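Positions of Cβ are backbone-derived with ideal geometry, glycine not excepted, and every protein chain shown enters the neighbour counts. A short reminder: the numbers here are calculations on the coordinates, not readings from a lab.
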Amino acid sequence: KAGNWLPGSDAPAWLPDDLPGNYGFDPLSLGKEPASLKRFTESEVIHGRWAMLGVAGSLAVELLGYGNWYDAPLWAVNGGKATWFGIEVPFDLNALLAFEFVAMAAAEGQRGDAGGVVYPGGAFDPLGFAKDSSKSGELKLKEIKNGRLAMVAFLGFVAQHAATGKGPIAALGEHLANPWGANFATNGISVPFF
Amino acid sequence: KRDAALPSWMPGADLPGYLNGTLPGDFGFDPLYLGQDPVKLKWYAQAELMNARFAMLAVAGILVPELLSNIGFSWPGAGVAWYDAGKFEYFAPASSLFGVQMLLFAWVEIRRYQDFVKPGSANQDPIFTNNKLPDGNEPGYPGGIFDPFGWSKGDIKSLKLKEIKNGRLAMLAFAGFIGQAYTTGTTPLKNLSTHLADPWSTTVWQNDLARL
Amino acid sequence: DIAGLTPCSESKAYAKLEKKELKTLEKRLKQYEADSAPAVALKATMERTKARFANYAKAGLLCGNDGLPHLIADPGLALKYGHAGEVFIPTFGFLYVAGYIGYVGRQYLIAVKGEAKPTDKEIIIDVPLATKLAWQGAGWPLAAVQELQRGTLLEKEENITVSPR
Amino acid sequence: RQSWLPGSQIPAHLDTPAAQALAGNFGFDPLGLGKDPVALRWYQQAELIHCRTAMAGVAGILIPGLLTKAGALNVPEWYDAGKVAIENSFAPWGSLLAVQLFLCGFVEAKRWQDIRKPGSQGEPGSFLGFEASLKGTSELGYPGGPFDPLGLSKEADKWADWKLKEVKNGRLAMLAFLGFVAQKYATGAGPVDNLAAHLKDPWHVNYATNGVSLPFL
Ligand code: CHL
Ligand code: CLA
Ligand code: CLA
Ligand SMILES: CC(/C=C/C=C(C)/C=C/[C@@]12O[C@]1(C)C[C@@H](O)CC2(C)C)=C\C=C\C=C(C)\C=C\C=C(C)\C=C\[C@@]12O[C@]1(C)C[C@@H](O)CC2(C)C
Ligand SMILES: CC(/C=C/C=C(C)/C=C/[C@@]12O[C@]1(C)C[C@@H](O)CC2(C)C)=C\C=C\C=C(C)\C=C\C=C(C)\C=C\[C@@]12O[C@]1(C)C[C@@H](O)CC2(C)C
């Protein structure tokens, strides 16, 4: 067991001890049925991995000064040419959707027929970090915790943007400038009154 | 069924059995039988402490600041009515302070609730595991670091009775501030001065009849 | 408007009709005294006549070339143009009362079939029972539907007598 | 044995142990709508949905109404809010309602099939692994599970008390809404404004003098 989400509380019985990232957090008992838990265990990792790439991509765009994650796809609706690191890309919206759909369908289709493999290894582990059984146990915990943090972080980007209408890095600088003047309470939406 | 040896709010009156003197300040006062159900009375016992303890702080925080101002002690917040402190301008906006307030209170209150749900389960420091509260503490009375001076090691029963008596009086006082402030329109200590100036002609009967 | 009709409030023939009826009443009035009993009665009639023609125009009815109100029965045309009060709403008003009367009578008839002598309970009404069933009939549509779904509304084909065939 | 009318004869169908297990049973059924046990089971669900919907709706008319008067909000009258909202809206009311019927219809349909076959929505594979938590509890109309995040229904001692509070506030809320509708036509003002008028002069501002309710007088 990784830890305890609510100190002084009991751990659910249906959650195995050796399941990575197990803090005994299941207030709604959504994973009580073994069949449901198996699907959700895979989905959490898949969501985490996508979020980690998503958060990194969102921060990289703004740190390098090419815009923010929100307004990257505006050129399609506004009318313009795509860019990546500042170099023009010839494709257009129709071309991107077709290629993305085909590529994702083929790659995701292969995973779908696997049956729920979360840690394939081999071709996906060229450096063989998780080859050793003992070492893999702790790496899986590290992966999910960073993944869970990334999932929350991305939710922060979307929620914060809706309230403040600014990118993540822009908001962070604003908070540092005036910590007591710029925050969720002072954006005029998060707290109904004041 | 309540024994006649215990203090009674109304001497010579029959009183509920479930008020058997276990709780502090148990004078058998429950004309509406609110606390009849033991489960509910278990909750009401903690609610009285929480409402009482905040009331004692609130009343102290409404009289002392005004008392100092009259004595002449000067500080930037001097001369501000207890119901005008919200409008006063501080280093940070009221909204930002409110947001911090709830985040801080959310941690401590849930910590307090966890003990109430399962006593003794929230007596350990999450970070520095060496720290810990005494294992004998009961809900509503943490002790340990919350009792640095060890007063709880003396006549605890008397101290509990003294706390609830001062607390109950404090709760009534705060209701007086709202009623008096809403009616008189002035600060509490101003009302006391008016009453002392002419106690006989300054009763609430005099004051309210004049208004209507 | 609908079917070539026009609102009675805008109908020339409708307005002329009111004058004809009032003129007839006025002609009879002038053969009496100012405040005699016949005169008061005639004046009361004229007030109701004026009120009636104002109410029908205010109700937004449709008048034909005859200058008389015509009613719209199609539910679609009624709800489309706000004529629901002519036929559509009164349709469900009548059925509630008609089902009320029929349902109450059926309940009473079933109640006395259990008695020793049902025939004597029909010529001589059991008033205490009838009043009890009269009040409970207000919820007949709910009770009627629940009987239908539970299958106790209809008799079995094998328990009903029929002629040779 | 509490009853809506002391000294009256409680209907027999409401005195059965199954009937007395229902929250808020005060023997009130003069029209005999619950005589059939199968019907009473259906009408109990109707009351719960009416109760809960009415409470949410009334809270959405009353709490905004008081805060609007207190100056903390600016919300139009409940009978005008529909027109005000649709103006500064991303969709017309036709499109907004059509979506509402799909989402409500889908959710309502699942609830409907649980009344016909209790616990039938936990059919393995029917949902994307989420069917396990859609089985409901042993009491119809009290789903629990994901609908009870704080787990207040897991305390057996407080269970009967909680259900009684819901039905009592639910019945009161249902009457409140009927009062909002009747008071809008009768007085032509808001609910909170009607309360303010009554409190000013209770003995002259009431339904007995509104000129509508008692036409004969
Ligand atoms: C024990 C709890 C508690 C109580 C009983 C009060 C009671 C009061 N507060 Mg206070 N507050 C409390 C907690 C808190 N307050 C505030 C922040 C404020 C502010 C910022 C203000 C008050 C004011 C008021 C008064 C409201 C009546 C009035 O004059 O309205 C009429 C209101 C006005 C004339 C103010 C108009 C301008 C204002 C900027 C508009 C926005 C006001 C907010 C909606 C207030 C929200 C308060 C809520 C959170 C308790 C009243 C004396 C008001 C006051 O002092 O008025 C003289 C006021 O402006 N309170 C915070 C955040 C740290 C609290 C946190 O717990
Ligand atoms: C803690 C209790 C307490 C105390 C000591 C006072 C003191 C005072 N109040 Mg206040 N008051 C209180 C509670 C209290 N009040 C409460 C709970 C309310 C809300 C209903 C009010 C509402 C109120 C109004 C509307 C007015 C006063 C006024 C007064 C003044 C006395 C004249 C009068 O009409 O009194 C009326 C007050 C009462 C009958 C109090 C009844 C309730 C308390 C709890 C009774 C306690 C009795 C008990 C034996 C303890 C006595 C005090 C103790 C220290 C020995 C005086 C400054 C008047 C004023 O300001 O004149 C200039 C005035 O107009 N009070
Ligand atoms: C007794 C049989 C009967 C007849 C002959 C009619 C005749 C008519 N109805 Mg009515 N209607 C009836 C019964 C009938 N209705 C009933 C029982 C109901 C349900 C309570 C309705 C509900 C209804 C609505 C909601 C509408 C009509 C309309 C119409 C008109 C054109 C469409 C139509 O119904 O075509 C012939 C009728 C039938 C084949 C029988 C079934 C008719 C259904 C129920 C309604 C069809 C509406 C249609 C799809 C609307 C399309 C737009 C239209 C402008 C072309 C026509 C005058 C429409 C209208 O107002 O047109 C001006 C209209 O909008 N009716
Ligand atoms: C927050 C989140 C999920 C949170 C779930 C929670 C709290 C669940 C909690 C509980 O269930 C438990 C555990 C147990 C139960 O008993 C109780 C509850 C309470 C029910 C997922 C986020 C998941 C987030 C994900 C997958 C994000 C993916 C983001 C991507 C791919 C972004 C890509 C791009 O941003 C780039 C890089 C550049 C841009 O220009 C373009 C785009 C396309 C926008
Ligand atoms: C659901 C309900 C109300 C729902 C209200 C909602 C959603 C309101 C929503 C909105 O307002 C907001 C929030 C904001 C606004 O801007 C917009 C709208 C959209 C307007 C009321 C039910 C209200 C239901 C009522 C009043 C029902 C009363 C039933 C009675 C009295 C029955 C009595 C008996 O049947 C018994 C029990 C037994 C028999 O034996 C005898 C008799 C006598 C027959």
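Of all residues in the stretch D:114-144, those being in a helix (DSSP H, G or I), farther than 17 Å from A:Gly31 by Cβ and either at the interface with another protein chain (Cβ under 8 Å from one of its Cβ atoms) or of a type in the set (A, V, I, L, M) (or both) number 1.
Here the stretch B:57-95 is the region considered, the condition is being out of contact with any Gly (no Cβ under 7 Å at 6 or more places or on another chain) and hydroxyl-bearing (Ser, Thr, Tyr), and the residue that is surrounded by the fewest Cβ atoms within 10 Å (Cβ to Cβ) is B:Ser74. Only one of the listed residues (C:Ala57, C:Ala98, C:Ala144) is within 14 Å of chain D (Cβ to nearest Cβ), assigned to a helix (DSSP H, G or I) and aliphatic (A, V, I, L, M). That residue is C:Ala144. Of the residues in the stretch B:128-139, not one is away from ligand 3 (no atom under 16 Å from the Cβ), in a helix (DSSP H, G or I) and either more than 14 Å from chain A (Cβ to nearest Cβ) or more than 17 Å from A:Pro7 (Cα to Cα) (or both). D:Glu77 passes every criterion in (1) of a type outside the set (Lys, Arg); (2) under 19 Å from the mean Cα position of the chain (by Cα); (3) outside any helix (DSSP H, G or I) apart from (2).
For the stretch B:123-133, does any single residue satisfy the condition of being away from ligand 2 (no atom under 16 Å from the Cβ) and under 27 Å from B:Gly167 (Cα atoms)? Within the stretch B:123-133 (the criterion being away from ligand 2 (no atom under 16 Å from the Cβ) and under 27 Å from B:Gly167 (Cα atoms)), the answer is yes, since at least one residue qualifies. Annotation note: Cβ proximity below 7 Å between a residue of the stretch C:3-21 that is more than 16 Å from C:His70 (Cβ to Cβ) and a residue that is surrounded by 15 or more Cβ atoms within 10 Å (Cβ to Cβ) and of a type in the set (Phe, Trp, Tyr) (sequence gap 6+ or interchain) occurs for C:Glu18/C:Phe53.
No other residue among B:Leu67, B:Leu161 is in contact with a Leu (Cβ under 9 Å, 6 or more places away or on another chain), in a helix (DSSP H, G or I) and away from ligand 1 (no atom under 15 Å from the Cβ) apart from B:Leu67. The set of residues in the stretch A:12-39 that are of a type in the set (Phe, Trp, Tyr), within 14 Å of chain D (Cβ to nearest Cβ) and touching a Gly at 6+ places or on another chain (Cβ under 8 Å) contains only A:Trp14. Are any residues in the stretch B:164-202 charged (D, E, K, R), in a helix (DSSP H, G or I) and out of contact with any helix residue (DSSP H, G or I) (no Cβ under 7 Å at 6 or more places or on another chain), and if so, which ones? Residues satisfying the conditions are B:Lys165, B:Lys190. State whether the residues of the stretch A:20-40 include one that is in a helix (DSSP H, G or I), closer than 21 Å to A:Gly112 by Cα and either among the small types (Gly, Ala, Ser) or within 16 Å of ligand 1 (Cβ to nearest atom) (or both). Looking for residues that are in a helix (DSSP H, G or I), closer than 21 Å to A:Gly112 by Cα and either among the small types (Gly, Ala, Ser) or within 16 Å of ligand 1 (Cβ to nearest atom) (or both), one finds at least one in the stretch A:20-40, hence yes.
As for the stretch D:2-16, it holds no residue that is within 14 Å of chain C (Cβ to nearest Cβ), within 12 Å of ligand 5 (Cβ to nearest atom), touching a residue at least 12 places away in the same chain (Cβ under 8 Å) and closer than 18 Å to D:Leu175 by Cα.
Counting just the residues of the stretch A:155-183 that are under 23 Å from B:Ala94 (Cα atoms) and not in a helix (DSSP H, G or I), which one comes out nearest to ligand 5 (Cβ to nearest atom)? Ranking the candidates gives A:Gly165 first. Candidates in the stretch B:81-95 are the residues that are of a type in the set (A, V, I, L, M), without any contact (Cβ under 8 Å) to a residue 12 or more places away in the chain and assigned to a loop (DSSP other than H, G, I, E, B); of these, the one that is nearest to the other protein chains (Cβ to nearest Cβ) is B:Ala92.
Among the candidates C:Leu68, C:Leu129, the residue that is within 30 Å of C:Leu5 (Cβ to Cβ), touching a helix residue (DSSP H, G or I) at 6+ places or on another chain (Cβ under 8 Å), surrounded by 12 or more Cβ atoms within 10 Å (Cβ to Cβ) and among the hydrophobic types (A, V, I, L, M, F, W, C) is uniquely C:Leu68.
Considering every residue within the stretch B:180-191, establish whether at least one is small (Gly, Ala, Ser), closer than 30 Å to B:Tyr83 by Cβ and surrounded by 12 or more Cβ atoms within 10 Å (Cβ to Cβ).
Within the stretch B:180-191, one or more residues are small (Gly, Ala, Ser), closer than 30 Å to B:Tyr83 by Cβ and surrounded by 12 or more Cβ atoms within 10 Å (Cβ to Cβ).
Only one entry in A:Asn94, A:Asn68 is more than 16 Å from ligand 2 (Cβ to nearest atom), away from chain D (no Cβ under 14 Å) and within 26 Å of A:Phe157 (Cα to Cα), namely A:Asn68.
Among the residues of the stretch A:66-88 satisfying the criterion of being surrounded by 12 or more Cβ atoms within 10 Å (Cβ to Cβ) and over 16 Å from A:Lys166 (Cα atoms), which is farthest from ligand 3 (Cβ to nearest atom)? Among those that are surrounded by 12 or more Cβ atoms within 10 Å (Cβ to Cβ) and over 16 Å from A:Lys166 (Cα atoms), it is A:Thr83.
Return yes or no: is B:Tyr113 of a type in the set (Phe, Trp, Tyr), farther than 22 Å from B:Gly144 by Cα, away from ligand 4 (no atom under 16 Å from the Cβ) and out of contact with any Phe, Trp or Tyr (no Cβ under 8 Å at 6 or more places or on another chain)? Spell out the reasoning first.
Values: of a type in the set (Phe, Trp, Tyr): yes; farther than 22 Å from B:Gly144 by Cα: no; away from ligand 4 (no atom under 16 Å from the Cβ): yes; out of contact with any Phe, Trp or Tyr (no Cβ under 8 Å at 6 or more places or on another chain): yes.
Spelling it out, it is not the case that B:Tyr113 is of a type in the set (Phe, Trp, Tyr), farther than 22 Å from B:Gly144 by Cα, away from ligand 4 (no atom under 16 Å from the Cβ) and out of contact with any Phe, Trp or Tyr (no Cβ under 8 Å at 6 or more places or on another chain).
The set of residues from the stretch D:44-61 being within 13 Å of chain C (Cβ to nearest Cβ) and surrounded by 15 or more Cβ atoms within 10 Å (Cβ to Cβ) is empty.
Within the stretch C:60-84, take every residue that is more than 15 Å from ligand 3 (Cβ to nearest atom), out of contact with any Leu (no Cβ under 6 Å at 6 or more places or on another chain) and not charged (D, E, K, R) and give me the one that is nearest to the other protein chains (Cβ to nearest Cβ). Going through the qualifying residues, I end up with C:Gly60. Within the stretch D:145-169, the set of residues being on the phi < 0 side of the Ramachandran plot, within 14 Å of chain A (Cβ to nearest Cβ) and surrounded by fewer than 13 Cβ atoms within 10 Å (Cβ to Cβ) comprises D:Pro149, D:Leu150, D:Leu152, D:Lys154. Against the numbered list (1) outside any helix (DSSP H, G or I); (2) within 14 Å of chain B (Cβ to nearest Cβ), A:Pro126 comes up short only at (2). Scanning the stretch B:9-56 for residues that are more than 19 Å from B:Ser158 (Cβ to Cβ), hydroxyl-bearing (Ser, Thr, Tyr) and either in contact with a helix residue (DSSP H, G or I) (Cβ under 7 Å, 6 or more places away or on another chain) or in a loop (DSSP other than H, G, I, E, B) (or both) returns B:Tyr18, B:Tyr33.
Here the condition is being touching a residue at least 40 places away in the same chain (Cβ under 8 Å), more than 10 Å from ligand 4 (Cβ to nearest atom), farther than 17 Å from A:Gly147 by Cβ and loosely packed, with under 14 Cβ neighbours inside 10 Å; of A:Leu93, A:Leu97, A:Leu63, A:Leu127, it holds for A:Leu63 alone. The requirement of being within 14 Å of chain B (Cβ to nearest Cβ) and in contact with a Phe, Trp or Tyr (Cβ under 9 Å, 6 or more places away or on another chain) is fulfilled nowhere in the stretch A:52-65; no residue meets it.
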